[PDB]
Amino acid sequence: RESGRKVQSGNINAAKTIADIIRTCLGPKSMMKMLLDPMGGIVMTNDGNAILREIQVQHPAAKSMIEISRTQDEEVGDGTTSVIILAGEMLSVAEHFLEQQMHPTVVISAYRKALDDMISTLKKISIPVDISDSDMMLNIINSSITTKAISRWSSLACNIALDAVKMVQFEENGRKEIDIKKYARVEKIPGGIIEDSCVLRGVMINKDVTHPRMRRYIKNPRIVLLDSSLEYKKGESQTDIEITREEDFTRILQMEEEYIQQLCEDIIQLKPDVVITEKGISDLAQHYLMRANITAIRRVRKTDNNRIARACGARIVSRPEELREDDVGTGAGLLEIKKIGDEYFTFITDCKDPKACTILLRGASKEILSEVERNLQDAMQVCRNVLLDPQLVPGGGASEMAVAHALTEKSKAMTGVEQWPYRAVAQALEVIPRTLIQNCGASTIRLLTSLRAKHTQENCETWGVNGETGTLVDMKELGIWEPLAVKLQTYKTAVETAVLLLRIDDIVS
Amino acid sequence: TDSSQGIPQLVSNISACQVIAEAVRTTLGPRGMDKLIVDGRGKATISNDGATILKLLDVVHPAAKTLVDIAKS
Amino acid sequence: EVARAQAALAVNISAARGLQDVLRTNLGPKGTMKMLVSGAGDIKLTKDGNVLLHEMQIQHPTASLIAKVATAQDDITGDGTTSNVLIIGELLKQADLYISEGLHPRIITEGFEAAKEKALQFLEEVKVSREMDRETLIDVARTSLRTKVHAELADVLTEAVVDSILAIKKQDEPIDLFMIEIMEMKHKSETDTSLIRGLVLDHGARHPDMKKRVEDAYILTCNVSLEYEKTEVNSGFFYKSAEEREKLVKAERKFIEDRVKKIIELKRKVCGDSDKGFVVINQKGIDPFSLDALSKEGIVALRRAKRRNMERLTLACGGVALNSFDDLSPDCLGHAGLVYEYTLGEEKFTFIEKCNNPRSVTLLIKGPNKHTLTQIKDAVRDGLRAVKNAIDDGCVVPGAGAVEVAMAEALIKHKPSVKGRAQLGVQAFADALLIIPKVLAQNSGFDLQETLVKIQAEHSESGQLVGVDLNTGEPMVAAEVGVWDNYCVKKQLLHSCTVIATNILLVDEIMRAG
Amino acid sequence: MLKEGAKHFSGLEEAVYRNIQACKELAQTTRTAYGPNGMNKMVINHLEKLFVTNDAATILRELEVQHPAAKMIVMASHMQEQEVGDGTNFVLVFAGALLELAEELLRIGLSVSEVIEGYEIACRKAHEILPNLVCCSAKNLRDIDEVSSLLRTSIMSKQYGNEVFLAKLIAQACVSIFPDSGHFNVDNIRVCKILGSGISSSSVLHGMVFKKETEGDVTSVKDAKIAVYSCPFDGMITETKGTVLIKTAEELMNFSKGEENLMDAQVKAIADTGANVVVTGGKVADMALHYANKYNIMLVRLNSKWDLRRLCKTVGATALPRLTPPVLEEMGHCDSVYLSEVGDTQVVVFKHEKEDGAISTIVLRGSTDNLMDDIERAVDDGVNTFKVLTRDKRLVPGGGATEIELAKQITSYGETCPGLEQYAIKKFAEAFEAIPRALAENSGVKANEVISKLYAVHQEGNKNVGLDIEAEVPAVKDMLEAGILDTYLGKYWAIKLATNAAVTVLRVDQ
């Protein structure tokens, strides 16, 4: 058990110890964390999710740090390093001084006012990006990839991502919000030429849909969605009687061939030749579709079936009865089998249900495959954020300084006792500028001073400090950009983390 | 595996001998000074010549063992 | 529980510093041989930098990191891994002095980047084209072996290594990945290494002198057993009744009989005369009975050969590996021009040499079966990887720290990128290199400053890569002597040193992990 | 360390100092050894006996060291043990002496690597002047005095009381069956201890000697091929026991009837196959004995492990467990099998007459088996010095009389060459001086006196010293003309291996 003053100081330390090295990793300039094992081995990492999971944290407040980076990772996957830095520095600067007077809830109210202050500044600072022009979105992706530090396979990945995300964009919710990227997938193929990377329609499956018989080419026939119940019944549509006797066996079997026969008949009417069954498909049942002259694909997981349903873009049905061209298989499914290797790869193309695409990636090996696939993963996150909100924000610490003076101006104007927390959130922003100064190797005093001076003359529209040139620089000129939405969400999560942690004033087991 | 060497090592070996030479010191006639040597098997033992009992002793030096062996000879 | 900031950098530099000591007394021929009993208690004799890191017990994160990057270098060149550590250590030392006065790690790193580009372009300028003649291969071969063994035994291994590479041109590989079969012989001296063109076999016949010279050899490499004795088996285990096991014993023995018979029919069909021999190599036994019958027909039959012998035979000889015997044409069987049996030591080794269509040469190392015979094995190993590089590149420079002073001189004088940020790492980069030549002088007993001023001046006047004569530890022209280094050696110390440095330099926390 | 990795127990201070001091302790057991001595070293090991040796091979293997520097030389000594006999001690003292001298060099400011270089040079010059120190050689190997002079040096190294009798004995009993010119066998000569009688009562017997008593009739046929079985009898049927005596009375009748009829068949199979001498390491029952009297087979009651071992090497035999009838496959090269009592104990005598693969036995008679273990060292080294594989063995002065000669030449030669090498060359001279020091220590006087007075007489090639009173004060004895000679080959491998061993161990630092 901890109580009172122990807790406030604890929060700040736990945040802080995670932060020191992880802040440095942000930007093309990346410091590499050593983790030393008891076995005497080494794991070297730049990725925030990896550092956090590996280390042993004893303190419950530390665990809250870890879990908020899970929050971030789930929404984007970039800025994951960032959220704990930001969240830490709110607590350092505000907390201990204002506690002695005693007002916690005040610091919290101030955080969320300030947060709103920052969201509004962003719309002005940012200019629109065309969400159907490839060239303009491309430079943005180019900024994000080089954080990871791969810069060769990256070049391909960017472009393939652009078409993949765009084609899985079609989400309606009355306001036309896009978070859809769940129709998208990466099909991995060991082997072949290193440079054949393309996009093909629907959703393509291989994680358990590699089978020796699948009809080699389908260029017309449909897929028939089923969660049936294609398997026999020993009664009508449920089992009422058991086989344990010679007499029971004989009677029951007649019923079992009938049930199967009427199912296949409702499947064949809408003309398939490739038929998918999630489960409820037996050794006698599959033999019945062969005798129906229907190729059956069977015993393949529920996740694959969700995927194949999305690929034709047609709804599933568990309804065993009268499956129509109108209900299942709606539009055209198509099935291509290529042997890239001597292994069966299944493309399912064509989605009706406006569009859908997934990615072909061909390595020449497993290792070669992986490099592209991660960097493509960064890439389609950007593509998405640009689609979501159609403004692109200038990178680095330029955006941070704009907000830094808006809070100096707001906090003076209001002259509440919220004033001093505003001032602590203004300075919490400045860490990102300090990280970029450190990255070149110049003194913090000299470059921060100049940056502040640029606010006064030109308002830090794009004039920040960049860590790969160690000077004040127009970010637009360099081709340093990032999307608005990524900035907003990183900021968002950091205030939530700062607010929640500050509410813990006592920890009691 | 033990190894020991030296001029004090030589001195050791002789010192062990004295201890067995004392066991048998006098037994020429019937005077000297005995102590009944009773074993851990619960047997009481004396003999008429002191070399007998000496044969039974197991010496933890090899150098001292030579002097045991010539007794047997 | 954390070492942060100054405390994190401190741990890496301290380790590099103790390590450096060890692997300078492995550097060049003037370095010293090392043994381990500290790895497991048993007696190993090894004189390679990568290898020595694996054999020991490494728990320190900085030592371990250097061992991992080492692994890549060791595969490609197998030389310069004695060097890897030395350049890393000094490279850190330089950095440390500036930091302690007051300098950021990141500016150090930038100037490393600038350093690396210039340094690599210097290799390209300074490289001297060589031929692909024997003479020129002798000199890559001799200096690399000289690293890993003595001067005396190394000169013997020089001959063996070079004829193999000439033969590999015939196959038209530009690489080596075959002709690396190292086979050991039982002897009372190690100052012989013999070259055997084809293959060598671990054991020969159990019956000596069947026909121990085969003029015309038709090699059937098989691996089904022609001996399985009188043991009572069923499916290879005991069964409940005696009789059921027995019934199988008859049919199994009968199967063997017919297969021995196929050797008798095969000799007429392929041979037809005893003016030609016939070779059998069975990786499994053959009855003593079966050898006498085969022997009079003028067949040498080998028993208890290995699976490694079999794969090698199939490549070199043009042979087959079959799970049957039967009656097969000579079109299928491989041919060797010569077979000779050479008995030496306590084990006699049947040689099957002058193979047609070879792709495997065997370098036959004689030795007493001590750790010394393992020492020439790992010397010979990396000497093959060395002369492989000479075939890879076109250009081989004179070494002995000749290359390294030349490259250091080029950096000190101008800024490679013209900025002060770069310049702080660049000094650091240049002095790190100087460790390799100066230290050959140190081992020998010749003061280190005196060779630096001389060696560097003579570069300036001439344009010669003047090097070190190892033994005096005084300078001399590395070209004439034969102390040479490949393009790949001087490339791979450069790449390994930069990458390894910048991840330890850029620590800011080391925190323990389960 | 500074590292929690990179394990070493040697290096820095510990390579330079600790390794050398350890070599020095091993080689203390050979600064009481080699030539004239009265030293005895007792070593136990729970062998149910006392083991007395003045041979390096048995001392070394017993003694374990945890450092690679000291452990490595033991292997070099074994190598010289295979190729040659006595001088094993000389290999270890040399390497160990040179290493003490080396450390002093390191101290001054000289580097390791030149010192390493200068030994290879000194070793090459010493071998080159070595066949020019031949002063005497054999020409006939069937002549007992020319062989015995050679033998004598091996024996001497053990005790200085058993030189005369033994040196004659081995040559008398033959190790000259082989030509010794391409081929020699040393597992077809053993040293066979017969307990009982004095050690001047040690005798000549030709071919395989086994102690175990003979039972039954004895053969003298030439159809007698050896069959060896570890256990061919144990009772052909084993009992179980249900009344805790027998299982039971009617069954005991059958167990005995089946043993006697199975043993009849087994022993008749041996009789028929041409095996007319069977070696039993099992137990001779009455039933088994009764059969072998009828077939006419010499029967050897018992054997121990040691006796079985010599049959498998010499014969080309195998020792099979049996209770089901076998046949010949052990075979044998022995025609004749005779019976003769050595030690007043019935001994089995094997013989055949040939050059190659021919057998001999230096057989000993002794009060205890301990006294016979030391004598054995003298004798087995005397067989291993015979091996040179020539009939002109190019004998050089034994007993350490060469040593001072080598030292004088080497020190002068050192002066001529320049650089740092030379100091190692000089040290290389003073390592040979180790041998004259150890002979001085047992003799009872200091080192200064012997080395100076050998040097004083200049080039001689005879001078060495004994345990005597002649060995002390004028410190001059003739060991060319006392018939103390050793072979050129024995001194060659001793010096060669020792220089190689000293260089590899001086290199270590891991």
# chains A, B, ... in the order shown; residues from 1 in each chain; ligands from 1
$ select_by_dssp --residues "region 2-73 of chain B" --states "strand (DSSP E or B)" --output "list in words"
residues 37, 38, 44 and 45 of chain B
$ residues_around --residues "residue 231 (chain C)" --least-positions-apart "3" --cutoff "12 Å" --atoms "only C-alpha atoms" --output "list in words"
residues 227, 228, 234, 235, 236, 237, 238, 242, 245, 246, 247, 248, 249, 250, 252 and 253 of chain C
$ select_by_dssp --residues "region 342-432 of chain C" --states "helix (DSSP H, G or I)" --output "ChimeraX atom specification"
/C:371-392,402-413,420-432
$ write_last_selection --atoms "N, CA and C atoms" --output "compact mmCIF listing (two decimals), in the first residue's frame"
# COMPACT_ATOMS: atom_id res chain seq x y z
N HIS C 371 44.99 -32.09 -30.30
CA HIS C 371 44.38 -30.81 -30.55
C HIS C 371 45.13 -30.02 -31.59
N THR C 372 46.37 -30.39 -31.90
CA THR C 372 47.24 -29.74 -32.93
C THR C 372 46.55 -30.03 -34.33
N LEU C 373 46.09 -31.31 -34.55
CA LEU C 373 45.41 -31.69 -35.79
C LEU C 373 44.11 -30.98 -35.89
N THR C 374 43.41 -30.63 -34.75
CA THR C 374 42.27 -29.73 -34.83
C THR C 374 42.70 -28.27 -35.11
N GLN C 375 43.89 -27.84 -34.65
CA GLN C 375 44.37 -26.55 -34.90
C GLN C 375 44.64 -26.28 -36.39
N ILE C 376 45.30 -27.25 -37.11
CA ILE C 376 45.52 -27.07 -38.56
C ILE C 376 44.17 -27.15 -39.30
N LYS C 377 43.11 -27.88 -38.70
CA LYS C 377 41.76 -27.96 -39.36
C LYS C 377 41.12 -26.59 -39.44
N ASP C 378 41.19 -25.81 -38.40
CA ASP C 378 40.54 -24.49 -38.38
C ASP C 378 41.39 -23.40 -39.03
N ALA C 379 42.73 -23.66 -39.23
CA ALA C 379 43.61 -22.80 -39.98
C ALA C 379 43.35 -22.89 -41.42
N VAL C 380 43.20 -24.18 -41.87
CA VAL C 380 42.90 -24.58 -43.23
C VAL C 380 41.52 -24.15 -43.74
N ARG C 381 40.57 -24.18 -42.79
CA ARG C 381 39.19 -23.70 -42.92
C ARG C 381 39.11 -22.30 -43.37
N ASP C 382 39.73 -21.39 -42.64
CA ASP C 382 39.67 -19.97 -42.99
C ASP C 382 40.62 -19.54 -44.07
N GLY C 383 41.58 -20.41 -44.47
CA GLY C 383 42.51 -20.15 -45.53
C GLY C 383 41.77 -20.42 -46.84
N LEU C 384 40.80 -21.39 -46.87
CA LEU C 384 39.90 -21.65 -48.03
C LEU C 384 38.99 -20.48 -48.29
N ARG C 385 38.42 -19.82 -47.22
CA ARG C 385 37.55 -18.67 -47.29
C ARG C 385 38.24 -17.44 -47.70
N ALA C 386 39.55 -17.37 -47.43
CA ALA C 386 40.43 -16.29 -47.87
C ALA C 386 40.66 -16.26 -49.31
N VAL C 387 41.03 -17.42 -49.93
CA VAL C 387 41.39 -17.47 -51.33
C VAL C 387 40.14 -17.48 -52.15
N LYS C 388 38.96 -17.73 -51.59
CA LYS C 388 37.68 -17.58 -52.17
C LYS C 388 37.42 -16.10 -52.52
N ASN C 389 37.77 -15.16 -51.63
CA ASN C 389 37.61 -13.77 -51.77
C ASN C 389 38.43 -13.29 -52.98
N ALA C 390 39.68 -13.84 -53.17
CA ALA C 390 40.56 -13.41 -54.23
C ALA C 390 39.86 -13.63 -55.59
N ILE C 391 39.09 -14.75 -55.75
CA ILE C 391 38.31 -15.10 -56.87
C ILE C 391 37.14 -14.16 -57.00
N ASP C 392 36.42 -13.77 -55.79
CA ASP C 392 35.34 -12.81 -55.72
C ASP C 392 35.68 -11.44 -56.25
N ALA C 402 49.32 -1.56 -43.84
CA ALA C 402 49.71 -0.70 -44.90
C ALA C 402 48.48 0.12 -45.38
N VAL C 403 47.37 -0.57 -45.51
CA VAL C 403 46.15 -0.06 -46.05
C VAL C 403 45.60 0.91 -45.08
N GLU C 404 45.59 0.54 -43.81
CA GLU C 404 44.99 1.24 -42.72
C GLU C 404 45.69 2.61 -42.42
N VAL C 405 47.00 2.73 -42.39
CA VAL C 405 47.67 4.04 -42.27
C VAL C 405 47.34 5.02 -43.41
N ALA C 406 47.24 4.48 -44.64
CA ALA C 406 46.91 5.21 -45.84
C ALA C 406 45.55 5.84 -45.78
N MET C 407 44.60 5.06 -45.26
CA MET C 407 43.18 5.47 -45.09
C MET C 407 43.05 6.46 -44.00
N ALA C 408 43.78 6.27 -42.89
CA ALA C 408 43.77 7.24 -41.74
C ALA C 408 44.31 8.60 -42.09
N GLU C 409 45.41 8.60 -42.94
CA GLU C 409 46.11 9.83 -43.40
C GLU C 409 45.14 10.70 -44.20
N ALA C 410 44.29 10.09 -45.10
CA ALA C 410 43.39 10.70 -45.99
C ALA C 410 42.31 11.47 -45.11
N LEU C 411 41.83 10.91 -43.98
CA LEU C 411 40.82 11.54 -43.16
C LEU C 411 41.26 12.75 -42.37
N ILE C 412 42.47 12.75 -41.79
CA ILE C 412 43.00 13.74 -40.80
C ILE C 412 43.06 15.12 -41.44
N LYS C 413 43.51 15.19 -42.71
CA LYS C 413 43.79 16.37 -43.38
C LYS C 413 42.64 17.33 -43.73
N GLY C 420 31.66 21.03 -39.21
CA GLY C 420 32.29 20.85 -37.99
C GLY C 420 31.63 19.74 -37.20
N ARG C 421 30.33 19.51 -37.46
CA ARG C 421 29.61 18.43 -36.86
C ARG C 421 30.19 17.04 -37.21
N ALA C 422 30.43 16.85 -38.51
CA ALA C 422 31.13 15.69 -39.01
C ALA C 422 32.48 15.49 -38.50
N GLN C 423 33.25 16.60 -38.28
CA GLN C 423 34.67 16.66 -37.97
C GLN C 423 35.00 16.02 -36.62
N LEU C 424 34.09 16.17 -35.62
CA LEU C 424 34.27 15.64 -34.29
C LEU C 424 34.28 14.14 -34.33
N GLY C 425 33.40 13.45 -35.07
CA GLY C 425 33.55 12.01 -35.23
C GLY C 425 34.71 11.58 -36.10
N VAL C 426 35.04 12.39 -37.17
CA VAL C 426 36.12 12.04 -38.08
C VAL C 426 37.49 11.86 -37.45
N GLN C 427 37.92 12.73 -36.46
CA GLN C 427 39.19 12.48 -35.80
C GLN C 427 39.23 11.15 -35.20
N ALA C 428 38.12 10.83 -34.51
CA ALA C 428 37.90 9.63 -33.72
C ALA C 428 38.06 8.35 -34.60
N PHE C 429 37.48 8.42 -35.84
CA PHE C 429 37.47 7.38 -36.84
C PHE C 429 38.93 7.12 -37.31
N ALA C 430 39.74 8.19 -37.50
CA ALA C 430 41.03 8.01 -38.09
C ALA C 430 42.05 7.31 -37.18
N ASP C 431 42.06 7.67 -35.89
CA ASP C 431 42.99 7.09 -34.90
C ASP C 431 42.66 5.68 -34.48
N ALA C 432 41.35 5.28 -34.67
CA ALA C 432 40.85 3.98 -34.38
C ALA C 432 41.52 3.04 -35.28
$ interface_residues --of "chain B" --to "chain D" --cutoff "8 Å" --atoms "only C-alpha atoms" --output "ChimeraX atom specification"
/B:1-3,62-63
$ write_last_selection --atoms "N, CA, C and O atoms" --output "JSON list (two decimals), in the first residue's frame"
[["chain", "number", "residue", "atom", "x", "y", "z"],
["B", 1, "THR", "N", 42.63, -34.46, -6.33],
["B", 1, "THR", "CA", 43.90, -35.06, -6.55],
["B", 1, "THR", "C", 44.85, -34.20, -5.88],
["B", 1, "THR", "O", 44.72, -32.99, -6.00],
["B", 2, "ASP", "N", 45.69, -34.77, -5.04],
["B", 2, "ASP", "CA", 46.44, -33.98, -4.13],
["B", 2, "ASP", "C", 47.93, -34.25, -4.54],
["B", 2, "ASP", "O", 48.29, -35.29, -5.12],
["B", 3, "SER", "N", 48.75, -33.17, -4.26],
["B", 3, "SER", "CA", 50.09, -33.25, -4.48],
["B", 3, "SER", "C", 50.66, -32.46, -3.46],
["B", 3, "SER", "O", 50.13, -31.36, -3.21],
["B", 62, "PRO", "N", 51.31, -43.75, 2.72],
["B", 62, "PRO", "CA", 51.82, -44.88, 1.98],
["B", 62, "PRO", "C", 53.22, -45.15, 2.51],
["B", 62, "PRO", "O", 53.73, -46.28, 2.45],
["B", 63, "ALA", "N", 53.91, -44.11, 2.96],
["B", 63, "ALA", "CA", 55.31, -44.21, 3.41],
["B", 63, "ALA", "C", 55.26, -45.05, 4.74],
["B", 63, "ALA", "O", 56.16, -45.83, 4.88]]
$ interface_residues --of "chain C" --to "chain D" --cutoff "6 Å" --atoms "only C-alpha atoms" --output "NGL selection string"
:C and (15 or 32-35 or 38 or 56-60 or 445)
$ write_last_selection --atoms "C-alpha atoms" --output "PDB file, in the first residue's frame"
ATOM      1  CA  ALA C  15      34.395  -4.112 -21.623  1.00  0.00           C
ATOM      2  CA  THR C  32      50.056 -15.773 -29.994  1.00  0.00           C
ATOM      3  CA  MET C  33      48.112 -19.054 -30.033  1.00  0.00           C
ATOM      4  CA  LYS C  34      45.379 -19.480 -27.396  1.00  0.00           C
ATOM      5  CA  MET C  35      43.760 -22.565 -25.762  1.00  0.00           C
ATOM      6  CA  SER C  38      37.852 -21.914 -19.604  1.00  0.00           C
ATOM      7  CA  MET C  56      34.222 -19.276 -23.932  1.00  0.00           C
ATOM      8  CA  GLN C  57      31.300 -18.413 -21.666  1.00  0.00           C
ATOM      9  CA  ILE C  58      30.120 -14.853 -22.550  1.00  0.00           C
ATOM     10  CA  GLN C  59      27.575 -13.167 -20.277  1.00  0.00           C
ATOM     11  CA  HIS C  60      28.638  -9.510 -20.834  1.00  0.00           C
ATOM     12  CA  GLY C 445      59.292  -5.159 -29.374  1.00  0.00           C
TER      13      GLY C 445
END
$ residues_around --residues "region 16-29 of chain B" --least-positions-apart "3" --cutoff "12 Å" --atoms "only C-alpha atoms" --output "PyMOL selection string"
chain B and resi 9-13+32-35+37+46-68+71
$ write_last_selection --atoms "N, CA, C and O atoms" --output "short mmCIF file (atom, residue, chain, number, x, y, z; two decimals), in the first residue's frame"
data_model
loop_
_atom_site.label_atom_id
_atom_site.label_comp_id
_atom_site.auth_asym_id
_atom_site.auth_seq_id
_atom_site.Cartn_x
_atom_site.Cartn_y
_atom_site.Cartn_z
N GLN B 9 57.81 -32.11 3.84
CA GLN B 9 57.01 -33.20 3.48
C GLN B 9 57.74 -34.47 3.90
O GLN B 9 57.10 -35.40 4.33
N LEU B 10 59.14 -34.53 3.77
CA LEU B 10 59.92 -35.70 4.04
C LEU B 10 59.77 -36.00 5.53
O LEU B 10 59.79 -37.15 5.95
N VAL B 11 59.78 -34.88 6.32
CA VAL B 11 59.84 -34.76 7.80
C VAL B 11 58.52 -35.36 8.26
O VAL B 11 58.47 -35.99 9.32
N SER B 12 57.45 -35.17 7.48
CA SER B 12 56.11 -35.70 7.80
C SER B 12 56.18 -37.18 7.84
O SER B 12 55.56 -37.72 8.77
N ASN B 13 56.78 -37.79 6.80
CA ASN B 13 56.67 -39.20 6.65
C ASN B 13 57.26 -39.98 7.83
O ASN B 13 56.70 -41.03 8.19
N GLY B 32 55.93 -52.76 30.50
CA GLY B 32 55.88 -51.58 29.62
C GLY B 32 54.78 -50.68 30.14
O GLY B 32 54.90 -50.10 31.20
N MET B 33 53.68 -50.68 29.32
CA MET B 33 52.46 -50.03 29.73
C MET B 33 51.40 -50.06 28.63
O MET B 33 51.47 -49.34 27.63
N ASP B 34 50.41 -50.94 28.80
CA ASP B 34 49.34 -51.25 27.91
C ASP B 34 48.07 -50.57 28.27
O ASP B 34 47.82 -50.11 29.37
N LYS B 35 47.22 -50.51 27.23
CA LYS B 35 45.89 -50.00 27.20
C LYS B 35 45.22 -51.01 26.33
O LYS B 35 45.63 -51.33 25.20
N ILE B 37 42.88 -52.67 23.71
CA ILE B 37 42.43 -52.13 22.48
C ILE B 37 41.27 -52.99 22.09
O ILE B 37 41.46 -54.19 21.84
N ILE B 46 44.16 -58.05 22.81
CA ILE B 46 45.49 -57.96 23.32
C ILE B 46 46.14 -59.03 22.59
O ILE B 46 45.51 -59.89 22.02
N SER B 47 47.47 -59.01 22.61
CA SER B 47 48.29 -60.02 22.00
C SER B 47 49.55 -60.07 22.89
O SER B 47 49.66 -59.39 23.93
N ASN B 48 50.50 -60.96 22.53
CA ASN B 48 51.70 -61.30 23.35
C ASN B 48 52.92 -60.68 22.75
O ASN B 48 53.99 -60.57 23.30
N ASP B 49 52.67 -60.13 21.55
CA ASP B 49 53.69 -59.36 20.92
C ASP B 49 52.90 -58.29 20.32
O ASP B 49 51.83 -58.49 19.71
N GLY B 50 53.51 -57.06 20.36
CA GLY B 50 52.80 -55.81 20.00
C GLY B 50 52.73 -55.57 18.57
O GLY B 50 51.90 -54.70 18.16
N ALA B 51 53.49 -56.28 17.71
CA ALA B 51 53.47 -56.18 16.20
C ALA B 51 52.12 -56.66 15.65
O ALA B 51 51.84 -56.32 14.52
N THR B 52 51.32 -57.51 16.38
CA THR B 52 50.06 -58.20 15.91
C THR B 52 49.00 -57.17 15.66
O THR B 52 48.36 -57.14 14.61
N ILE B 53 48.82 -56.32 16.70
CA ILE B 53 47.79 -55.26 16.75
C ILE B 53 48.03 -54.23 15.75
O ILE B 53 47.08 -53.70 15.12
N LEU B 54 49.36 -53.95 15.47
CA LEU B 54 49.95 -53.01 14.57
C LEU B 54 49.62 -53.39 13.15
O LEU B 54 49.33 -52.53 12.30
N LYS B 55 49.61 -54.77 12.88
CA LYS B 55 49.21 -55.21 11.57
C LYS B 55 47.72 -54.74 11.21
O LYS B 55 47.43 -54.50 10.06
N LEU B 56 46.84 -54.81 12.18
CA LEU B 56 45.41 -54.46 12.03
C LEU B 56 45.25 -53.04 11.71
O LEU B 56 44.40 -52.78 10.82
N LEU B 57 46.02 -52.08 12.28
CA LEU B 57 45.96 -50.62 11.98
C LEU B 57 46.06 -50.28 10.54
O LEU B 57 46.79 -50.94 9.81
N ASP B 58 45.20 -49.34 10.10
CA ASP B 58 45.33 -48.89 8.71
C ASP B 58 45.83 -47.51 8.77
O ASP B 58 45.33 -46.59 9.45
N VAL B 59 47.03 -47.37 8.09
CA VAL B 59 47.76 -46.12 8.09
C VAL B 59 47.31 -45.42 6.82
O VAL B 59 47.05 -46.01 5.74
N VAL B 60 47.11 -44.07 6.94
CA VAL B 60 46.68 -43.17 5.89
C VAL B 60 47.81 -42.54 5.15
O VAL B 60 47.55 -41.74 4.25
N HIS B 61 49.06 -42.99 5.46
CA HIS B 61 50.24 -42.62 4.67
C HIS B 61 50.72 -43.83 3.96
O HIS B 61 50.54 -44.93 4.51
N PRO B 62 51.31 -43.75 2.72
CA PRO B 62 51.82 -44.88 1.98
C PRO B 62 53.22 -45.15 2.51
O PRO B 62 53.73 -46.28 2.45
N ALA B 63 53.91 -44.11 2.96
CA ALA B 63 55.31 -44.21 3.41
C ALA B 63 55.26 -45.05 4.74
O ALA B 63 56.16 -45.83 4.88
N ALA B 64 54.22 -44.88 5.58
CA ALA B 64 54.09 -45.53 6.83
C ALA B 64 53.72 -46.92 6.68
O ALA B 64 54.00 -47.75 7.55
N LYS B 65 53.02 -47.26 5.53
CA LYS B 65 52.56 -48.56 5.05
C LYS B 65 53.66 -49.44 4.69
O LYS B 65 53.51 -50.65 4.90
N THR B 66 54.82 -48.88 4.26
CA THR B 66 55.92 -49.76 4.01
C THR B 66 56.43 -50.50 5.24
O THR B 66 56.73 -51.65 5.10
N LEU B 67 56.49 -49.81 6.36
CA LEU B 67 56.91 -50.31 7.65
C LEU B 67 55.96 -51.31 8.26
O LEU B 67 56.46 -52.16 8.98
N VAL B 68 54.65 -51.21 7.86
CA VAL B 68 53.62 -52.20 8.18
C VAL B 68 53.90 -53.51 7.45
O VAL B 68 53.81 -54.55 8.06
N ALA B 71 56.78 -55.65 8.73
CA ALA B 71 56.31 -56.39 9.89
C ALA B 71 55.76 -57.74 9.50
O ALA B 71 56.15 -58.76 10.08
#
$ residues_around --residues "region 72-81 of chain A" --least-positions-apart "2" --cutoff "10 Å" --atoms "only C-alpha atoms" --output "number ranges by chain"
A: 18-19, 21-26, 46-49, 51-52, 67-70, 83-86, 144-145, 147, 179, 377-378, 380-382, 384-385, 485-487, 489-494
$ interface_residues --of "chain C" --to "chain A" --cutoff "7 Å" --atoms "only C-alpha atoms" --output "list in words"
residues 58, 59, 60, 61, 64, 104, 106, 107, 503, 506, 507, 508, 509, 510, 511, 512, 513 and 514 of chain C
$ residues_around --residues "region 250-266 of chain D" --least-positions-apart "5" --cutoff "7 Å" --atoms "only C-alpha atoms" --output "list in words"
residues 235, 236, 237, 287, 288, 291, 324, 325 and 326 of chain D
